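J.: Experimental structure and sequence below, a few questions after.
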Amino acid sequence: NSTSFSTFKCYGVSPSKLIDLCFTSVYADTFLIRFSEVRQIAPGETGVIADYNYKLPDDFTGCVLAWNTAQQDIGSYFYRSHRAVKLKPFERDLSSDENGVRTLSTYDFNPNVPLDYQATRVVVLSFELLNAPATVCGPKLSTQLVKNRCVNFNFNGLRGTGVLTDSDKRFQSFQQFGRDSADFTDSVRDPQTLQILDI
Amino acid sequence: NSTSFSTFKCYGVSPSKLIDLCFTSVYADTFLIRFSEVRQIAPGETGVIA
Amino acid sequence: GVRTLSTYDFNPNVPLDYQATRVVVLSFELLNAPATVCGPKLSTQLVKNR
Amino acid sequence: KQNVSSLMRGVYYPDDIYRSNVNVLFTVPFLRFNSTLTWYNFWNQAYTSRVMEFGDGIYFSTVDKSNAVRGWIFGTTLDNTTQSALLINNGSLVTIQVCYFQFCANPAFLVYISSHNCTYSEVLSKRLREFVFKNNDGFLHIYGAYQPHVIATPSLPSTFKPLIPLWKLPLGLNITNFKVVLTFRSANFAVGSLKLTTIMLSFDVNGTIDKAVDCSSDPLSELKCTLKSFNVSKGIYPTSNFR
Ligand SMILES: *[C@@H]1O[C@H](CO)[C@@H](O[C@@H]2O[C@H](CO)[C@@H](O)[C@H](O)[C@H]2NC(C)=O)[C@H](O)[C@H]1NC(C)=O
Ligand SMILES: *[C@@H]1O[C@H](CO)[C@@H](O[C@@H]2O[C@H](CO)[C@@H](O)[C@H](O)[C@H]2NC(C)=O)[C@H](O)[C@H]1NC(C)=O
Ligand SMILES: *[C@@H]1O[C@H](CO)[C@@H](O)[C@H](O)[C@H]1NC(C)=O
Ligand SMILES: *[C@@H]1O[C@H](CO)[C@@H](O)[C@H](O)[C@H]1NC(C)=O
Ligand SMILES: *[C@@H]1O[C@H](CO)[C@@H](O)[C@H](O)[C@H]1NC(C)=O
Ligand SMILES: *[C@@H]1O[C@H](CO)[C@@H](O)[C@H](O)[C@H]1NC(C)=O
Ligand SMILES: *[C@@H]1O[C@H](CO)[C@@H](O)[C@H](O)[C@H]1NC(C)=O
Ligand SMILES: *[C@@H]1O[C@H](CO)[C@@H](O)[C@H](O)[C@H]1NC(C)=O
Ligand SMILES: *[C@@H]1O[C@H](CO)[C@@H](O)[C@H](O)[C@H]1NC(C)=O
Ligand SMILES: *[C@@H]1O[C@H](CO)[C@@H](O)[C@H](O)[C@H]1NC(C)=O
């Protein structure tokens, strides 16, 4: 309600599966640009934003979420356009006079400005999913653990099909699932009433 | 003429081959939404309209 | 129980995202059946043994 | 100020994911075997300030007589023009403060006087204490090992040590210059140099690293990386081009 996202593009995951997954950790990079420069926030692309202000890694797994707002933010903002060397991914530079001259140019934001030159708020959510106890997780409620029946299970975003049996496998304090044979998850740990279940 | 098509995306077939094909049956689902929510009408997607 | 249908307004003097867009989704299928809706390409003479 | 050899003391965990009972290859920054160090000793008169190169990661070490080393300063100009890391160990808390620093001549305790426009400030909280620092995709990865070092004329042991991955930082800063903070009251610290290397790493049932290969130095190491094994039968084998 009351927020219409102009661009919601997820690389590595899909926006239809963000409910089912629990992330180990999430970072949110937040900034504000022009309306036509939203298309530059994608892995493997260059421009004035993806070269001199904010670059994305090629092994990216996240979601770019950008929405137009030409009325909330009115004024003047700064951007870099004259750097000698392109940035490494996920890096920051604050040297305004690294070339001696002012390398930070201004650009204004009024409601009565043409189409491409309007303020868009961009949030890049970079999250990683691995064998760790998750912190940020989806809104799906839990169910009763049923054993000795061929069931579909969704344990912390590890969707599978099998029979859960009480087992005594040796896990660490941080392990959430067990790889065995040719990389198959066959020993897992339920997040509520933590114990070891063999699939 | 007099209709500017903002988005014409075909899945399964191509817009360059719509002349060459005769369809067995066609249905048209028609409605009206906001301008930023047109990008949600695609297979495998979530939003408010999807 | 509560009203699950929310309103949204449409005026000419409204920003980029909140403007009306007419959407038609044409879902057609192609299979072994006599077609009804077909393309505008004219027929030619049936020539055999070539 | 002399030179010693890296006796297999630079092996760390490359990926944060979990693996067990496998032998896998990598093309990561690594400190290869039989490398060189630049370790300096503390006398009555000794080093004051030196900017050694932070070349795509650094292997730091000490022997740590009492509490001699206090931390590290990572930067690219070491002024109040570009921000700096300044890892310290005051009291019993380890803190990181990415701010603009007008620090003094020699970094010592009993390190900085002027600090403005902080972009990051976090509090974390005969002993070897060897570290590996690297920077990748705006993240400062630190891999530490608190080994109870053996006993002067200093050197390096030959016991293998899988350096446990410590905390990493979302700093968002590029680093090419580096400085060590010491204690001046009116010990040894050692500097390595990371480079891109293909390596082979084994894992046990506990997720611990058993042994390393570093197939860029020896023909037997290259053979071990070629045949995907650590035990090699007697014979002749063609090898790849890992050197
Ligand atoms: C429209 O959006 C607003 C906020 O974006 C929602 O308002 C909240 O509604 C809940 C329950 O209805 C209240 O407890 C909060 O106090 C409201 N927040 C306010 C008034 O700031 C509202 O529910 C949304 N309506 C629809 C139909 O989605
Ligand atoms: C422009 O569009 C209009 C309407 O879409 C077309 O007008 C029709 O033209 C045909 C023949 O030219 C007439 O029989 C119709 O009565 C017209 N419809 C009207 C006036 O509503 C017109 O042909 C188009 N012109 C071009 C060049 O594409
Ligand atoms: C709340 O969390 C604890 C800790 O794991 C768990 O044992 C308990 O069952 C949970 N309760 C509910 C209602 O989810
Ligand atoms: C490293 O060892 C070589 C001898 O092989 C020596 O010449 C050189 O000075 C040493 N490096 C340093 C920094 O002392
Ligand atoms: C590495 O260095 C040690 C000590 O200098 C030396 O004895 C050894 O032969 C070198 N090579 C290997 C492969 O260990
Ligand atoms: C830090 O800023 C002060 C400003 O008063 C300046 O005097 C000082 O020289 C600066 N430090 C540098 C450039 O190393
Ligand atoms: C160590 O430094 C931090 C950073 O300012 C400070 O909060 C803390 O009180 C200091 N502790 C001691 C013992 O000086
Ligand atoms: C340093 O802090 C002051 C105080 O807010 C601010 O005005 C100035 O812009 C900051 N410096 C930079 C380079 O942003
Ligand atoms: C780090 O940044 C500084 C200032 O932006 C620059 O001078 C230096 O070349 C950079 N080092 C790299 C990219 O290795
Ligand atoms: C794993 O740790 C246990 C102690 O919990 C130990 O008994 C066992 O030998 C270890 N396994 C390996 C391969 O070192």
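T.: Arrived safely, thanks for sending. Numbering: from 1, shown residues only, chains lettered A, B, ... in the order given. Ligands and ions are numbered 1, 2, ... in the order given.

J.: how about stretch D:12-19, does it get close to ligand 10?
T.: No: Stretch D:12-19 stays clear of ligand 10 (Cβ under 6 Å from any ligand atom), getting no nearer than 13.5 Å. Using the backbone N, CA and C atoms, a C-beta is placed for each residue, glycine as well.

J.: Pull up the distance across that stretch, start to finish.
T.: Start and end residues of stretch D:12-19 are separated by 14 Å (Cα to Cα, to the nearest Å).

J.: cool, and stretch A:47-59?
T.: Span of stretch A:47-59 from end to end, Cα to Cα: 19 Å.

J.: Which residues does it contact?
T.: Contact with stretch A:47-59 is made by A:29, A:31, A:33, A:37, A:40-44, A:79-83, A:86-91, A:124, D:137, as judged by Cβ atoms under 8 Å, 6 or more residues apart in numbering or on different chains.

J.: Enumerate the residues of chain D near ligand 7.
T.: So chain D meets ligand 7 at D:90, D:91, D:93, D:95 (Cβ under 6 Å from any ligand atom).

J.: and the residues you listed as TSV, adding distance to residue D:64 and neighbour count?
T.: TSV is the format used below for the residues of chain D next to ligand 7 (distance: Cβ to Cβ, whole Å; neighbours: other Cβ atoms under 10 Å in any protein chain shown):
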residue	distance to residue D:64	neighbour count
D:90	16	11
D:91	17	8
D:93	18	10
D:95	19	16
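
J.: which residues of chain D fall in helices?
T.: All helices of chain D, identified by DSSP state H, fall at D:219-226.

J.: so what's the residue of chain A found nearest ligand 5 closest to, chain neighbours aside?
T.: At 32.4 Å from ligand 5, residue A:172 is the closest residue in chain A, using Cβ to the nearest ligand atom. In this structure, residue A:172 finds its nearest non-sequential neighbour in residue D:207, 6.9 Å apart by Cβ to Cβ, 6 or more residues apart in numbering or on different chains.

J.: Same question for residue A:84.
T.: residue A:99 (6.8 Å).

J.: any idea how far the residue lying farthest from the centre of chain A is from residue B:10?
T.: Centroid-distance maximum for chain A: residue A:148 at 36.8 Å, with Cα atoms, centre = their mean. Residue A:148 sits at a distance of 49 Å from residue B:10 (criterion: Cβ to Cβ, to the nearest Å).

J.: May I have the phi/psi pair for the closest residue to ligand 7 within chain D?
T.: Residue of chain D nearest ligand 7, by Cβ to the nearest ligand atom: residue D:91 (2.8 Å). Main-chain torsions, residue D:91, degrees, to the nearest 10: phi 60, psi -110.

J.: Can you get me a residue count around residue A:134?
T.: Look at residue A:134: counted by other Cβ atoms under 10 Å in any protein chain shown, it has 19 neighbours.

J.: Just flag the most distant two among the residues of chain D next to ligand 7.
T.: Using Cβ to Cβ, the residues of chain D next to ligand 7 span at most 9.4 Å, a distance reached by D:91 and D:95.

J.: For residue 24, give me its contacts.
T.: Answering for chain A, as no chain was given. Residue A:24 touches A:127, A:128, A:129, A:130, A:132, A:133, A:134, A:135, counting by Cβ under 8 Å, 6+ apart.

J.: switch to chain D, that's the one I care about
T.: So residue D:24 contacts D:200, D:201, D:203 (Cβ under 8 Å, 6+ apart).

J.: sorry, back to before: could you check which helix or strand contains the residue of chain A closest to ligand 5?
T.: Counting by DSSP states H and E, there is no helix or strand that carries residue A:172.

J.: Any idea what the residue nearest to residue A:106 when sequence neighbours are not counted is bridged to?
T.: In space, and not counting its chain neighbours, residue A:106 is closest to residue A:76: 5.2 Å by Cβ to Cβ, 6+ apart. Note on residue A:76: beta-bridge partners by DSSP bridges are residue A:108.
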